[PDB]
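In the block that follows, a single chain appears as structure tokens, in the form deposited in one PDB entry.
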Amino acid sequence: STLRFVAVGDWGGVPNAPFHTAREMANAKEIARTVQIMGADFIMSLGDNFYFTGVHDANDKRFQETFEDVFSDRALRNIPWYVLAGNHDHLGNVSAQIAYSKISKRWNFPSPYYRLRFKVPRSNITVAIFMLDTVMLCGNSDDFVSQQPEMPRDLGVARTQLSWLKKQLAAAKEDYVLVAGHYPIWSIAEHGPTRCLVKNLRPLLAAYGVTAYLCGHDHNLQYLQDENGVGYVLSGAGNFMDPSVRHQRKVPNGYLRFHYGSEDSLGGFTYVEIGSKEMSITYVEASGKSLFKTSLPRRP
């Protein structure tokens, strides 16, 4: 078989009851239908888990109303979720989202950033994934008028995570290596590229042979690929859909391979399947149709 998972981001419903939106429910439904057909080993969250100010504590009702009861289909039962934090989560209590891992079996958020290691059946194929906390690296975009994470709140905190990732990447023996964070490195939409990540994270990717970087933040679906062969998967349409293509001129020519952000769309997510020969990525719209699909070679 193969390693399979769903990647969805920015799905955190809303602050007022019922605490979920039509788009979030449509995506939850289609995620269930996808699982019923292809199956899934786990679901990855790319940040902005609870709009617009995260949660207060680990007993916050939002955990049941925005998460548990939305992804309640029988098919989604028992499927593990690996979470990472976005900027809106940081306006609240992130320690509470980490502590919730001890309350809900499916919810796995051991710390701000961590390493995951998977071993694909039969195949000798191994996969490593590094979940980052880009807010601790670039600061909260909500703290600035430009809406761009200008600088980290703490030097030591940022410097340490970068040192951790570099040492982890310079030792990973896995066949596939993925890195995920909320903020985008490359993006043509509303916010566009995050200067801090382009200057501080991007360089590490090609140097150590990273397969791809996954993220959300900009509310749409995108696939970009640089000249070194690294893939950029943007999946932040789990709750909103922003049509903007405002920063397409800020992305190097040739990088944009796919984009969809129609405001009349219910949103979407991605389905990833990693096999012995390659990793494929399918973009699925909540309505039920697959919009695009690409593959990425195995790491030398």
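By rigid core we mean the largest C-alpha set that fits within 1.5 Å across both forms. We number the residues from 1 along the sequence you see. Only residues modelled in both forms are compared.
Not on display, but discussed next: the form deposited in another entry.
- Item | Comparing forms between this form and the one not shown after core superposition, the one residue of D41, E65, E273, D242 displaced by 2 Å or more at CA | The one that shifts is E65.
- Message: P110 and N59: their C-alpha distance differs by 3 angstroms or more in that other deposited form. Do they come closer or move farther apart compared with the shown form?
- Response: Closer: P110 and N59 approach by 3 Å or more in that other deposited form.
- Query: How does the C-alpha distance between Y100 and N59 change in that other deposited form compared with the present structure, closer or farther, given a change of 3 angstroms or more?
  - Reply: Closer together, which means the C-alphas of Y100 and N59 are at least 3 Å nearer in that other deposited form.
- Pull up the moving segments between this form and the one not shown: at least three consecutive residues, every CA shifted by 2 Å or more, rigid core held fixed. Three-plus residue runs displaced between this form and the one not shown: 58 to 66, 139 to 141.
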